[PDB]
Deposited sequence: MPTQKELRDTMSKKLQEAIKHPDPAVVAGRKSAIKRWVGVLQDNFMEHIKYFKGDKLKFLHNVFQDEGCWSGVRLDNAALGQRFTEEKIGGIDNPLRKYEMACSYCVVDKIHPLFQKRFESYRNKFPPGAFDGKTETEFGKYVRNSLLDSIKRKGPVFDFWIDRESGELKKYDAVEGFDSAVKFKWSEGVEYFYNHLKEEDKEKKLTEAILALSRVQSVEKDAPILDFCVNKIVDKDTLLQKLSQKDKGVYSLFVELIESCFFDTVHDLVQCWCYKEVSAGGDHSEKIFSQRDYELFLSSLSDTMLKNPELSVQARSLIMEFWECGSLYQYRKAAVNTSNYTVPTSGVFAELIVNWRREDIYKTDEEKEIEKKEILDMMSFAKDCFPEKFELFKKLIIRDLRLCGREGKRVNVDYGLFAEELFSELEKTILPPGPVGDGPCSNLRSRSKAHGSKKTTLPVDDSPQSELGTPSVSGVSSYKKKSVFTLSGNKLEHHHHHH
């Protein structure tokens, strides 16, 4: 299949291990599994692509452990020790331990694990000094493993073979440049207490770009949630072009919803297009992760019902040039409402209804002379575009017409 499809088959299989009483935790931890495996690009899928049977049972035992979790995020320290054990639960470790010690900054085990790999690779060889040959074998081995990422070339000196030591400032700047989520956390703890706030700000600005990748968002969540004065950070971000917007959409698509709630409540600016895109992004994410429906919906209603954003919500429902800026948002909300692939309480469906209806009432009151077209446009977005979780060969436009009837 496609690489994306292989990622989800591994994501969905690793999601079976997640078991918790609260439905919100299970579903937030499922998003972390997709982040760990990779959604739009490969993350740890590179190492677990061929894992089958007992190899997958090892990862099943790791992610089902409460100690490897911290709320809905992965405990990197716990993972680092587990992924460097010889065997847990009687099951051998199928991962490459040196690569895991590098990725999770298990600095006590990096060098002894690399020497094991170096010795077994040297012994497979037949004019060059034995010292120079070892330097050659070390370079050939490190260059091979470096194909999977620059982290695997980070800790081992190529001239002496000794474990490299780094200043926290240098390792922090390198982990951001490497888009290395686990590395950003390790060096932050070793940073000076006065350098912490200044360093986090630099990282947020650098990765809050339009060219961002999903790997940037974990770093952004960690850095934002540890910034003390989010106010002063929001001022510097606004000076950067689309810095606020880029930080927002990155955490939304990666399901860092608690990080955005705290961000939107502080300074209860961004452009009108930014406003409309936040809603479009959330609504899409809602469909890509339907078990997080409530959380995403709640974030939409905060962007919508923010009194300071009154000028933005009115233009959002302003019908102009045979389109309304939020036709998709409405359409995607309706699709969620009619979701029969996942069990939902009838109460949930109902709150989901009055959720939409209150938004349509705002559009009816704001522009009543354009409200007739608004209706045609909404059903247009529901019959012309196919979305995830939307069933085939059923008219979702009839459902919108049902809501319009109740509205009047």
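Against the full deposited sequence, which stretches does the structure leave out? Several stretches lack coordinates - namely 1, 128 to 132, 275 to 287, 428 to 499, in sequence order.
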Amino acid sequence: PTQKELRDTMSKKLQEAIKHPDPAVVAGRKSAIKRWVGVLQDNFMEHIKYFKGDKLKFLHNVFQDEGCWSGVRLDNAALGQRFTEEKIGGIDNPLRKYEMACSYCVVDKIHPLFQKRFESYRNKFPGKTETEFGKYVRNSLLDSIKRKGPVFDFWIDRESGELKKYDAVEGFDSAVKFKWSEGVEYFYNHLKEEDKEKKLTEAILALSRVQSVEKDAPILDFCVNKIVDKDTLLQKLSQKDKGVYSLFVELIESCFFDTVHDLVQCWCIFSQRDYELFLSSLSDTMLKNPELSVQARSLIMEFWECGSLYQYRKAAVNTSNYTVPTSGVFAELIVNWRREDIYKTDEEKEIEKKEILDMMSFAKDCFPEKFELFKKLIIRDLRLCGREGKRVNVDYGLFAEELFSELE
From here on, numbers count along this sequence of modelled residues.
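Between 280 to 288 and 141 to 149, name whichever shows the higher mean Cα B factor according to the PDB entry. Comparing 280 to 288 with 141 to 149, the higher mean C-alpha B-factor belongs to 280 to 288.
Do the CA atoms of 379 to 387 or those of 359 to 367 have the higher mean B-factor in the entry? 359 to 367 has the higher mean C-alpha B-factor.
From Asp157, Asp108, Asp195, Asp221, residue of greatest CA B-factor: Of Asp157, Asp108, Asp195, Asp221, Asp195 has the highest C-alpha B-factor.
Peak C-alpha temperature factor (PDB record), options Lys230, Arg209, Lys177, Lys87: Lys230 has the highest C-alpha B-factor of those listed.
Which third, lowest, middle or highest, does the CA B-factor of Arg29 fall in along this chain? Tercile = middle for this residue's CA B-factor.
What third of its chain's C-alpha B-factors does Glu332 belong to: lowest, middle or highest? Ranked within chain, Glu332 CA B lands in the middle tercile.
Sorting the chain's CA B-factors, does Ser120 end up in the lowest, middle or highest third? Lowest third, going by the recorded CA B-factors of the chain.
Which third of the chain does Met10 land in by C-alpha B-factor: lowest, middle or highest? Middle third of the chain for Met10's C-alpha B-factor.
Is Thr345 in the lowest, middle or highest third of its chain when residues are ranked by C-alpha B-factor? According to the entry, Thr345 has a C-alpha B-factor in the chain's highest third.
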